[PDB]
Each structure stands twice: as structure tokens, then as C-alpha cells.
>>> print(open('start_17.txt').read())   # compact mmCIF, C-alpha atoms and all ligand atoms
# COMPACT_ATOMS: atom_id res chain seq x y z
CA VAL A 31 48.38 3.96 71.67
CA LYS A 32 44.82 5.43 72.00
CA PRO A 33 42.03 5.58 69.36
CA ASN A 34 40.75 8.91 67.84
CA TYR A 35 37.03 8.14 67.19
CA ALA A 36 35.34 11.30 65.79
CA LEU A 37 31.60 11.75 64.96
CA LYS A 38 30.97 11.30 61.18
CA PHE A 39 27.16 10.76 60.93
CA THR A 40 23.99 11.16 63.05
CA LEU A 41 21.08 8.89 61.88
CA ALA A 42 17.57 10.15 62.82
CA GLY A 43 14.27 8.39 61.95
CA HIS A 44 13.14 6.25 64.95
CA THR A 45 10.24 7.99 66.83
CA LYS A 46 10.87 6.17 70.20
CA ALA A 47 13.97 4.82 72.06
CA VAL A 48 16.48 2.91 69.93
CA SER A 49 17.02 -0.51 71.54
CA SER A 50 19.87 -2.14 69.52
CA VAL A 51 22.23 -1.47 66.57
CA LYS A 52 24.24 -4.19 64.73
CA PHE A 53 26.54 -4.13 61.65
CA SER A 54 25.98 -6.76 58.91
CA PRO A 55 28.84 -9.32 58.75
CA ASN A 56 29.58 -8.11 55.15
CA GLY A 57 30.16 -4.54 56.57
CA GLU A 58 27.62 -2.86 54.21
CA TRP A 59 24.71 -2.17 56.60
CA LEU A 60 23.68 -1.17 60.14
CA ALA A 61 20.38 -2.58 61.47
CA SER A 62 18.54 -0.68 64.27
CA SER A 63 15.57 -1.84 66.42
CA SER A 64 13.33 0.55 68.40
CA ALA A 65 10.44 0.83 70.89
CA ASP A 66 8.59 2.32 67.83
CA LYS A 67 8.09 -1.37 66.60
CA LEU A 68 10.43 -0.76 63.59
CA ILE A 69 13.72 -2.09 62.20
CA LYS A 70 15.64 0.46 60.07
CA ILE A 71 18.56 -0.33 57.73
CA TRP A 72 21.31 2.30 57.17
CA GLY A 73 24.50 2.44 55.04
CA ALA A 74 27.40 1.52 57.41
CA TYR A 75 29.90 3.94 55.72
CA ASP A 76 27.65 6.92 54.66
CA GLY A 77 24.83 6.59 57.31
CA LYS A 78 22.31 6.84 54.40
CA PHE A 79 18.82 5.64 55.45
CA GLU A 80 18.11 2.46 53.37
CA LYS A 81 14.67 0.98 54.39
CA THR A 82 12.17 0.30 57.22
CA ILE A 83 11.04 -3.27 58.10
CA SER A 84 7.77 -3.52 60.11
CA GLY A 85 5.27 -6.16 61.35
CA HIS A 86 5.86 -6.53 65.12
CA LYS A 87 2.73 -5.56 67.15
CA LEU A 88 4.85 -4.03 70.01
CA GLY A 89 8.33 -2.50 70.61
CA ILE A 90 11.51 -4.38 69.47
CA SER A 91 14.32 -4.93 72.06
CA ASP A 92 17.03 -6.54 69.88
CA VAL A 93 18.01 -7.49 66.28
CA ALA A 94 20.72 -9.82 64.87
CA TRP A 95 22.15 -10.65 61.41
CA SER A 96 22.65 -14.07 59.75
CA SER A 97 26.23 -14.84 58.63
CA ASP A 98 25.35 -14.29 54.89
CA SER A 99 23.99 -10.77 55.81
CA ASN A 100 20.65 -11.80 54.17
CA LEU A 101 18.43 -12.38 57.25
CA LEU A 102 17.63 -10.47 60.45
CA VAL A 103 16.00 -11.89 63.58
CA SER A 104 14.12 -9.48 65.91
CA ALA A 105 12.97 -9.94 69.57
CA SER A 106 9.73 -8.05 70.50
CA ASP A 107 7.53 -7.21 73.54
CA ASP A 108 4.78 -9.00 71.45
CA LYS A 109 6.38 -12.27 72.84
CA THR A 110 7.59 -13.32 69.34
CA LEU A 111 10.78 -13.26 67.31
CA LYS A 112 10.56 -12.62 63.55
CA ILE A 113 13.01 -13.82 60.85
CA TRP A 114 13.21 -11.22 58.02
CA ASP A 115 14.53 -11.38 54.44
CA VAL A 116 16.34 -8.00 54.43
CA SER A 117 16.30 -7.51 50.60
CA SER A 118 12.50 -8.20 50.20
CA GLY A 119 11.33 -7.00 53.68
CA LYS A 120 9.45 -10.37 53.91
CA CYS A 121 8.70 -11.80 57.38
CA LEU A 122 9.81 -15.44 56.67
CA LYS A 123 8.96 -16.86 60.15
CA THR A 124 7.24 -15.81 63.41
CA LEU A 125 8.84 -17.73 66.34
CA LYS A 126 6.09 -18.34 68.96
CA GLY A 127 6.64 -19.92 72.42
CA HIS A 128 7.88 -17.30 74.93
CA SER A 129 5.20 -16.38 77.53
CA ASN A 130 6.55 -12.79 78.09
CA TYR A 131 8.62 -10.04 76.32
CA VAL A 132 11.44 -11.41 74.12
CA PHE A 133 14.46 -9.31 75.16
CA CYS A 134 17.58 -10.62 73.33
CA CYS A 135 18.41 -12.78 70.27
CA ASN A 136 21.35 -14.03 68.17
CA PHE A 137 22.10 -16.38 65.28
CA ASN A 138 24.82 -19.05 65.66
CA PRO A 139 27.81 -18.56 63.30
CA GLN A 140 26.44 -21.41 61.03
CA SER A 141 23.14 -19.36 61.01
CA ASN A 142 20.94 -22.50 61.22
CA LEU A 143 19.93 -21.72 64.87
CA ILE A 144 18.54 -18.69 66.77
CA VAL A 145 18.91 -18.28 70.56
CA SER A 146 16.46 -16.03 72.47
CA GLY A 147 16.11 -14.81 76.05
CA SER A 148 12.87 -13.58 77.61
CA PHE A 149 11.28 -11.92 80.66
CA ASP A 150 9.73 -15.46 81.05
CA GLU A 151 13.22 -16.38 82.52
CA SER A 152 13.79 -19.01 79.73
CA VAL A 153 16.31 -19.29 76.88
CA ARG A 154 14.94 -20.90 73.65
CA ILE A 155 16.92 -22.44 70.74
CA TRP A 156 15.01 -22.25 67.39
CA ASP A 157 15.46 -23.90 63.97
CA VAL A 158 15.95 -21.07 61.38
CA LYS A 159 14.58 -23.18 58.45
CA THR A 160 11.30 -24.39 60.15
CA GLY A 161 10.83 -21.66 62.83
CA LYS A 162 10.23 -24.52 65.35
CA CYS A 163 11.46 -24.25 68.97
CA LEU A 164 14.03 -27.10 69.43
CA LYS A 165 14.86 -26.57 73.17
CA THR A 166 13.47 -24.55 76.12
CA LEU A 167 16.22 -24.06 78.79
CA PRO A 168 15.05 -23.30 82.38
CA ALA A 169 17.96 -20.87 82.38
CA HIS A 170 17.28 -18.27 85.14
CA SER A 171 14.96 -17.16 87.99
CA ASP A 172 14.53 -13.57 86.64
CA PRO A 173 14.50 -11.85 83.22
CA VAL A 174 17.25 -12.92 80.77
CA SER A 175 19.37 -9.88 79.72
CA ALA A 176 21.60 -11.45 76.98
CA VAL A 177 22.22 -14.64 74.90
CA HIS A 178 25.26 -15.21 72.64
CA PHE A 179 26.83 -18.16 70.74
CA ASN A 180 30.62 -18.78 70.89
CA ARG A 181 32.69 -18.71 67.65
CA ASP A 182 31.83 -22.34 66.58
CA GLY A 183 28.21 -22.37 67.93
CA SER A 184 28.97 -25.20 70.46
CA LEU A 185 28.17 -22.99 73.51
CA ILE A 186 25.56 -20.37 74.52
CA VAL A 187 26.24 -17.80 77.29
CA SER A 188 23.17 -16.30 79.07
CA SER A 189 22.90 -13.56 81.74
CA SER A 190 20.08 -12.52 84.07
CA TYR A 191 18.78 -10.04 86.69
CA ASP A 192 19.22 -13.16 88.98
CA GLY A 193 22.98 -12.21 89.00
CA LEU A 194 24.14 -15.39 87.15
CA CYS A 195 26.05 -15.97 83.91
CA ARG A 196 25.46 -19.51 82.57
CA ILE A 197 27.20 -21.48 79.78
CA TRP A 198 25.02 -24.03 77.88
CA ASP A 199 25.89 -26.92 75.55
CA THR A 200 23.97 -26.04 72.31
CA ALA A 201 23.60 -29.76 71.31
CA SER A 202 22.41 -31.18 74.71
CA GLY A 203 20.83 -28.12 76.42
CA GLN A 204 22.92 -28.99 79.53
CA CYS A 205 24.05 -26.13 81.83
CA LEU A 206 27.88 -26.62 81.77
CA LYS A 207 28.88 -23.68 84.03
CA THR A 208 27.41 -21.03 86.36
CA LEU A 209 29.75 -18.02 87.00
CA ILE A 210 29.56 -16.57 90.57
CA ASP A 211 31.85 -13.75 91.86
CA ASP A 212 32.27 -12.53 95.51
CA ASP A 213 28.74 -11.03 95.05
CA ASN A 214 25.86 -11.42 92.50
CA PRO A 215 24.61 -7.98 91.33
CA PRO A 216 22.16 -8.14 88.33
CA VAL A 217 24.02 -9.14 85.11
CA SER A 218 22.85 -6.67 82.43
CA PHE A 219 24.94 -8.02 79.47
CA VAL A 220 27.21 -10.92 78.49
CA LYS A 221 29.02 -12.04 75.31
CA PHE A 222 31.92 -14.33 74.29
CA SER A 223 35.25 -12.84 73.13
CA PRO A 224 35.89 -13.36 69.38
CA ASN A 225 38.30 -16.30 70.18
CA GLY A 226 35.62 -17.88 72.49
CA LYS A 227 38.07 -18.17 75.45
CA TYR A 228 36.60 -15.26 77.48
CA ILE A 229 33.23 -13.78 78.47
CA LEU A 230 32.62 -10.04 78.91
CA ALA A 231 29.93 -9.49 81.62
CA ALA A 232 28.27 -6.22 82.67
CA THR A 233 26.79 -5.82 86.17
CA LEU A 234 24.50 -3.02 87.53
CA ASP A 235 27.33 -1.94 89.93
CA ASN A 236 28.95 0.20 87.13
CA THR A 237 31.38 -2.68 86.28
CA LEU A 238 32.41 -4.76 83.22
CA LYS A 239 34.47 -7.94 83.84
CA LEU A 240 36.43 -10.20 81.45
CA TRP A 241 36.07 -13.83 82.70
CA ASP A 242 38.13 -16.92 81.79
CA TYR A 243 35.06 -19.27 81.88
CA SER A 244 37.32 -22.40 81.43
CA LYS A 245 39.22 -21.36 84.66
CA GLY A 246 36.09 -19.56 86.06
CA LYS A 247 38.42 -16.60 87.06
CA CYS A 248 38.01 -12.79 86.51
CA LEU A 249 40.98 -11.51 84.35
CA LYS A 250 40.11 -7.77 83.88
CA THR A 251 37.76 -5.18 85.51
CA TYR A 252 36.62 -1.98 83.63
CA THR A 253 35.00 1.00 85.48
CA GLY A 254 34.49 4.80 85.19
CA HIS A 255 31.14 4.53 83.28
CA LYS A 256 27.59 4.66 84.75
CA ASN A 257 25.51 1.42 84.60
CA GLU A 258 23.00 0.86 87.48
CA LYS A 259 19.66 0.57 85.57
CA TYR A 260 19.88 -0.53 81.89
CA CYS A 261 21.02 -3.57 79.88
CA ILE A 262 23.73 -1.81 77.80
CA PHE A 263 25.53 -3.68 74.97
CA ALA A 264 29.35 -3.88 75.19
CA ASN A 265 31.82 -4.94 72.47
CA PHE A 266 35.36 -6.16 71.73
CA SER A 267 36.87 -3.74 69.14
CA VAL A 268 39.43 -5.77 67.10
CA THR A 269 39.92 -3.92 63.71
CA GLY A 270 42.76 -1.69 65.15
CA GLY A 271 43.73 -1.45 68.85
CA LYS A 272 42.22 -4.11 71.18
CA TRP A 273 39.47 -2.19 73.05
CA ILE A 274 36.36 -2.77 75.15
CA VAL A 275 33.49 -0.46 74.00
CA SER A 276 30.32 0.24 76.01
CA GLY A 277 27.40 2.66 76.34
CA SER A 278 26.75 4.49 79.62
CA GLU A 279 23.87 6.12 81.57
CA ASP A 280 25.95 9.40 81.59
CA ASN A 281 25.22 9.65 77.77
CA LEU A 282 28.83 8.78 76.69
CA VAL A 283 30.47 5.94 74.74
CA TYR A 284 33.39 4.52 76.84
CA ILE A 285 36.46 2.89 75.21
CA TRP A 286 38.96 0.99 77.43
CA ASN A 287 42.36 -0.59 76.63
CA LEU A 288 41.50 -4.34 77.03
CA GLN A 289 44.89 -5.29 78.63
CA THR A 290 45.63 -2.16 80.79
CA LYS A 291 41.91 -1.41 81.71
CA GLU A 292 42.56 2.40 81.27
CA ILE A 293 39.82 4.56 79.63
CA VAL A 294 41.33 5.70 76.28
CA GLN A 295 38.28 7.66 74.96
CA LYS A 296 34.83 8.96 76.01
CA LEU A 297 32.70 9.92 72.95
CA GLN A 298 30.45 12.97 73.63
CA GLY A 299 27.30 13.87 71.62
CA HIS A 300 24.29 11.75 72.74
CA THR A 301 21.67 13.48 74.99
CA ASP A 302 20.25 10.30 76.65
CA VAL A 303 21.51 6.89 77.90
CA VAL A 304 23.76 5.19 75.29
CA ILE A 305 21.95 1.81 75.34
CA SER A 306 23.75 0.15 72.41
CA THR A 307 27.20 0.19 70.73
CA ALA A 308 28.42 -1.97 67.81
CA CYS A 309 31.88 -2.34 66.17
CA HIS A 310 32.22 -2.57 62.33
CA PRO A 311 33.66 -5.96 61.19
CA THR A 312 36.61 -4.49 59.10
CA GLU A 313 36.83 -0.63 59.55
CA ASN A 314 37.53 1.28 62.83
CA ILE A 315 33.85 2.37 63.01
CA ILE A 316 31.54 2.38 66.09
CA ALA A 317 27.74 2.75 65.96
CA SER A 318 26.01 4.04 69.15
CA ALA A 319 22.29 4.55 69.90
CA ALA A 320 20.36 6.30 72.68
CA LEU A 321 17.04 6.14 74.55
CA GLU A 322 13.87 8.12 74.08
CA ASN A 323 15.01 11.70 74.99
CA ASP A 324 17.63 11.43 72.10
CA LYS A 325 16.50 8.67 69.62
CA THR A 326 19.60 9.12 67.36
CA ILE A 327 22.22 6.63 66.11
CA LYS A 328 25.81 8.01 65.70
CA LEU A 329 28.62 6.63 63.46
CA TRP A 330 32.19 7.34 64.79
CA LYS A 331 35.46 6.62 62.86
CA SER A 332 39.09 6.27 64.16
CA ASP A 333 42.45 6.10 62.25
CA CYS A 334 43.45 3.21 64.66
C1 LIG B 1 15.24 0.22 83.31
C2 LIG B 1 14.00 -0.31 82.67
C3 LIG B 1 14.04 -1.83 82.42
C4 LIG B 1 15.30 -2.36 81.76
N1 LIG B 1 15.36 -1.97 80.36
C5 LIG B 1 16.48 -2.16 79.67
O1 LIG B 1 17.49 -2.61 80.20
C6 LIG B 1 16.47 -1.80 78.21
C7 LIG B 1 15.57 -0.92 77.63
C8 LIG B 1 15.64 -0.65 76.27
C9 LIG B 1 16.63 -1.23 75.49
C10 LIG B 1 17.57 -2.09 76.07
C11 LIG B 1 18.74 -2.61 75.28
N2 LIG B 1 18.81 -4.08 75.25
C12 LIG B 1 19.81 -4.86 75.75
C13 LIG B 1 19.47 -6.14 75.46
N3 LIG B 1 18.28 -6.17 74.79
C14 LIG B 1 17.91 -4.92 74.69
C15 LIG B 1 17.46 -2.38 77.43
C16 LIG B 1 15.25 -3.88 81.78
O2 LIG B 1 14.69 -4.47 80.86
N4 LIG B 1 15.81 -4.55 82.83
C17 LIG B 1 16.35 -3.91 84.05
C18 LIG B 1 17.84 -4.15 84.20
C19 LIG B 1 18.11 -5.61 83.98
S1 LIG B 1 19.59 -6.43 84.46
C20 LIG B 1 19.01 -7.91 83.89
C21 LIG B 1 17.75 -7.81 83.36
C22 LIG B 1 17.24 -6.47 83.40
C23 LIG B 1 15.92 -6.01 82.85
>>> encode(input="start_17.txt", output="C-alpha cells")
Amino acid sequence: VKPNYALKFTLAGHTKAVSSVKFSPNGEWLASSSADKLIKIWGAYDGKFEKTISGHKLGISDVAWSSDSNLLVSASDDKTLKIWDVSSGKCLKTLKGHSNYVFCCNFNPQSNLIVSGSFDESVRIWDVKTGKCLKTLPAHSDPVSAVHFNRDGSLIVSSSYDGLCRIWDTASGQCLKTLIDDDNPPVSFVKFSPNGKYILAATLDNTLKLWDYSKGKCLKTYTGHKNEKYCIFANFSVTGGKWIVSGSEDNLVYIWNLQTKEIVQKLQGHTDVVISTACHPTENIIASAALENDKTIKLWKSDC
């Protein structure tokens, strides 16, 4: 069984590269961040432009939703994160502490903590309510490409240009595991599987790997895409068939069968690097976004 993703909507509005797209947990909205210093909100089903949220002094690299779909956090080249009330557009908190660009951010499932990674080679854990930094982790020896909480918030995975994936105890700040393969190319993206048992890791050798972090063993390898330069988001698609979804420097969205590792679809339409993909929480919908020669977001829908 293969999916049949077809283009439904193209979303234009950002005036510089799009950096990240994310669906709201409630499935109603897509958030986009851009080098143009803006967050835009769009209807997840109709692609209808909703609103712009502004206030960052420099480009935004990443955005993430709270579990109640009410807050966004953004990571900016201005060295801050901002917590936003989506309905009002209010900046609730400015999270200050990183000494260089803030590159990646996420809420924990409980949505009482934010994790951030920075070009300062640190990971920070923040209190959502106070905006206070709780822990600085000396995580890496080069820029941090990704940070992600597991399904119960007990672990953080981080990745770096240093070629390491690291698993952290949220409560203690202790480094529990460092994942090392037969070589250590730059790790451009990492995230936990929905069940928290696996980690999907992208490396700048045109390769995605599914790791059993408990066993510290590689289970699956996915190739055929182009990834030598950029930190491209990848996803587990779970609403229909069990897929891996990623962007590509050849301007395509790649979809693999998770178990068999075969490419099942390549989605054509973007005119620059596909830097970001996101999977809708309930419908077979993918959002993709491209860099500065394109600047569009596309919504794709499958029957399976
Ligand atoms: C090639 C120029 C520099 C490179 N720009 C990006 O990867 C980039 C640019 C825009 C948007 C996004 C999307 N993204 C993903 C997560 N947070 C935002 C990423 C960059 O920052 N590296 C080079 C490659 C690697 S591998 C590990 C760190 C880095 C840093």
C-alpha cells in the first residue's frame, strides 16, 4: 500500500525563506516561522491565511505549539525565544539566556516546559509560567540542530553539527546516552517516535536512520533524498500508512515506508529546498515549506 498525496493548497505571504511549519495539536491551524521575522497562522484544512504574529528583532528559525493549541514558542536569531498567546497575538514571555542564535524549540507534552537549542552549543530548559531558565545543559561542541521531548516529557533528545545525538533526563539534566555510529557526520535533525521507543536522526550524508536508543542499535536506514547542507525536519506519518516524511535539497517531499524503507512517493511542486514538513494530527495531510527562492507552504492530502 502506497499513499496518494496530491497538492490541495499553496500558501504565500512570507517575504523571506520559511524556516518551520507545525500543525496545532487540535488540527485547526498551521503555524509558520520565517527569516522575515514573522509567524503566520493558516487554516489547516482550507489553507486560509489567519493572522501574523510579530515582535522578534531578527529571523525566526523554529516554532512549536502548546498541547492546548493556545500558545506558540518561537526561536530567533535575536538570541531569544518568545511565548505567544495565539488568540490575542500577545508576547507573554521573552526567554533570555542564549549567547547566540536560538535554532530549535519544543514544548513538553505537559506544556509546562520549553526546551531550546542554540548556536551557543547549549540546550536550555525553561519554565513556561515564569519564563525563567531552569537548566543550561553543556550539550554539544557545535551548533545544536534539534531538541525534542519524548511522549511523557521524561527525556530530551538533542542533535548537533558535532555528529552526536544525546538523550537527557529532563528532571536531573544528566546526559543518559550518546549515540555514535560507525562514523559521525553532522546530525541535522532528531526526534522521538510517537511511542518514545525510537529516534529518527538525519545526517548530512543524505541519510535518515531509525535508532533503538534503549539498545543503541540502528533499525532502519532511508536514502534517495538530497541532504548535505540544511537542517531539514522529518516526521513519522501515523494517521494512515506508517511513513517517514522528509524535505530534500532537490526541492521534493520524500515519503518512505517505515518498515520496508522503500520510497512510496516524491511530491513535486516546490522550486527551492524543502526545509520543513509536518504531518496533521488526525487527517492524512502534509504541510511542506521551502527556502528563499520559493517562500511558499504547500498542503498535500492523501486518501491513505
Ligand atoms: C546551510 C546554512 C546553515 C544551516 N541552515 C539551516 O540548516 C537552516 C536554515 C533555515 C531553516 C532551517 C530549518 N530548521 C531546522 C531546525 N531549525 C530550523 C535550517 C545551519 O544552520 N547549519 C548547517 C547544517 C547543520 S547540521 C547541524 C547544525 C547545522 C547548522
>>> closest_atom_pairs(input="start_17.txt", of="chain A", to="ligand LIG 1 (chain B)", cutoff="7 Å", atoms="only C-alpha atoms and all ligand atoms", output="CSV")
residue,atom,partner,partner_atom,distance
A:48,CA,B:LIG1,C9,6.9
A:49,CA,B:LIG1,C9,4.0
A:50,CA,B:LIG1,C11,5.9
A:91,CA,B:LIG1,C14,4.5
A:92,CA,B:LIG1,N3,5.1
A:133,CA,B:LIG1,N3,5.0
A:134,CA,B:LIG1,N3,4.7
A:173,CA,B:LIG1,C21,5.2
A:174,CA,B:LIG1,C21,5.8
A:175,CA,B:LIG1,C21,4.5
A:176,CA,B:LIG1,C13,5.9
A:190,CA,B:LIG1,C20,4.7
A:191,CA,B:LIG1,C20,3.5
A:216,CA,B:LIG1,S1,5.0
A:217,CA,B:LIG1,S1,5.2
A:218,CA,B:LIG1,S1,3.8
A:234,CA,B:LIG1,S1,6.7
A:259,CA,B:LIG1,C1,5.0
A:260,CA,B:LIG1,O1,3.6
A:261,CA,B:LIG1,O1,3.7
A:262,CA,B:LIG1,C12,5.4
A:263,CA,B:LIG1,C12,5.9
A:305,CA,B:LIG1,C11,5.5
A:306,CA,B:LIG1,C11,6.4
>>> atom_distance(input="start_17.txt", atom1="atom CA of residue 203 of chain A", atom2="atom CA of residue 155 of chain A")
8.9 Å
>>> closest_residue(input="start_17.txt", among="A:153, A:304, A:209, A:268", to="residue 287 of chain A", atoms="only C-alpha atoms")
A:268
>>> closest_residue(input="start_17.txt", among="A:313, A:302, A:172, A:324", to="residue 43 of chain A", atoms="only C-alpha atoms")
A:324
>>> closest_residue(input="start_17.txt", among="A:161, A:55, A:226, A:77", to="residue 331 of chain A", atoms="all atoms listed in the file")
A:77
>>> residues_around(input="start_17.txt", residues="residue 202 of chain A", least_positions_apart="3", cutoff="10 Å", atoms="only C-alpha atoms", output="JSON, numbers by chain")
{"A": [165, 184, 198, 199, 205]}
>>> closest_residue(input="start_17.txt", among="A:197, A:229, A:116, A:210", to="residue 59 of chain A", atoms="only C-alpha atoms")
A:116
>>> closest_residue(input="start_17.txt", among="A:162, A:196, A:300, A:46", to="residue 317 of chain A", atoms="only C-alpha atoms")
A:300
>>> atom_distance(input="start_17.txt", atom1="atom CA of residue 45 of chain A", atom2="atom CA of residue 125 of chain A")
25.8 Å
>>> residues_around(input="start_17.txt", residues="residue 223 of chain A", least_positions_apart="4", cutoff="12 Å", atoms="only C-alpha atoms", output="number ranges by chain")
A: 178-181, 187, 227-231, 239-243, 264-268, 272-274, 288
>>> closest_residue(input="start_17.txt", among="A:258, A:157, A:292, A:322", to="residue 32 of chain A", atoms="only C-alpha atoms")
A:292
>>> atom_distance(input="start_17.txt", atom1="atom CA of residue 57 of chain A", atom2="atom CA of residue 329 of chain A")
13.2 Å
>>> residues_around(input="start_17.txt", residues="residue 78 of chain A", least_positions_apart="6", cutoff="9 Å", atoms="only C-alpha atoms", output="PyMOL selection string")
chain A and resi 41+71-72
>>> write_last_selection(input="start_17.txt", atoms="C-alpha atoms", output="PDB file, in the frame of the given file")
ATOM      1  CA  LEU A  41      21.080   8.890  61.880  1.00  0.00           C
ATOM      2  CA  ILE A  71      18.560  -0.330  57.730  1.00  0.00           C
ATOM      3  CA  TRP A  72      21.310   2.300  57.170  1.00  0.00           C
TER       4      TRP A  72
END
>>> residues_near_point(input="start_17.txt", point="(3.5, -20.4, 71.6)", cutoff="12 Å", atoms="only C-alpha atoms", output="list in words")
residues 108, 109, 110, 111, 124, 125, 126, 127, 128, 129, 130, 154, 161, 162, 163 and 166 of chain A
>>> residues_around(input="start_17.txt", residues="segment 61-66 of chain A", least_positions_apart="6", cutoff="10 Å", atoms="all atoms listed in the file", output="PyMOL selection string")
chain A and resi 44-54+72-74+80-84+86-95+102+104-107+116+306+317+319+321-322+325+327
>>> residues_around(input="start_17.txt", residues="residue 257 of chain A", least_positions_apart="3", cutoff="10 Å", atoms="all atoms listed in the file", output="MDAnalysis selection string")
chainID A and resid 218 232:238 253:254 260:262 276:280 303 305
>>> build_atoms(input="start_17.txt", residues="segment 125-142 of chain A", atoms="N, CA and C atoms", output="short mmCIF file (atom, residue, chain, number, x, y, z; two decimals), keeping the file's coordinate frame")
data_model
loop_
_atom_site.label_atom_id
_atom_site.label_comp_id
_atom_site.auth_asym_id
_atom_site.auth_seq_id
_atom_site.Cartn_x
_atom_site.Cartn_y
_atom_site.Cartn_z
N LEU A 125 8.39 -16.73 65.34
CA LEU A 125 8.84 -17.73 66.34
C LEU A 125 8.01 -17.53 67.61
N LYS A 126 7.07 -18.44 67.85
CA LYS A 126 6.09 -18.34 68.96
C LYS A 126 6.42 -19.39 70.02
N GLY A 127 6.34 -19.01 71.30
CA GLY A 127 6.64 -19.92 72.42
C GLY A 127 6.92 -19.21 73.72
N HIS A 128 7.61 -18.08 73.70
CA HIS A 128 7.88 -17.30 74.93
C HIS A 128 6.54 -16.83 75.50
N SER A 129 6.44 -16.74 76.82
CA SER A 129 5.20 -16.38 77.53
C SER A 129 5.28 -14.94 78.04
N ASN A 130 6.35 -14.21 77.69
CA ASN A 130 6.55 -12.79 78.09
C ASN A 130 7.47 -12.12 77.06
N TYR A 131 7.80 -10.85 77.27
CA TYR A 131 8.62 -10.04 76.32
C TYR A 131 9.83 -10.86 75.90
N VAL A 132 10.15 -10.85 74.61
CA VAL A 132 11.44 -11.41 74.12
C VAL A 132 12.43 -10.26 74.12
N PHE A 133 13.53 -10.41 74.84
CA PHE A 133 14.46 -9.31 75.16
C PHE A 133 15.73 -9.34 74.31
N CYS A 134 16.25 -10.51 73.94
CA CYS A 134 17.58 -10.62 73.33
C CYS A 134 17.57 -11.81 72.37
N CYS A 135 18.38 -11.73 71.32
CA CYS A 135 18.41 -12.78 70.27
C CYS A 135 19.75 -12.76 69.54
N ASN A 136 20.12 -13.90 68.99
CA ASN A 136 21.35 -14.03 68.17
C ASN A 136 21.21 -15.24 67.27
N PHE A 137 21.82 -15.18 66.09
CA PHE A 137 22.10 -16.38 65.28
C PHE A 137 23.38 -17.05 65.79
N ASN A 138 23.51 -18.35 65.54
CA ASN A 138 24.82 -19.05 65.66
C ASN A 138 25.64 -18.71 64.42
N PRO A 139 26.98 -18.89 64.45
CA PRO A 139 27.81 -18.56 63.30
C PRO A 139 27.36 -19.29 62.03
N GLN A 140 26.95 -20.56 62.14
CA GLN A 140 26.44 -21.41 61.03
C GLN A 140 25.15 -20.80 60.46
N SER A 141 24.42 -20.05 61.29
CA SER A 141 23.14 -19.36 61.01
C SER A 141 22.03 -20.35 60.66
N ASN A 142 22.04 -21.52 61.31
CA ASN A 142 20.94 -22.50 61.22
C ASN A 142 20.17 -22.52 62.54
#
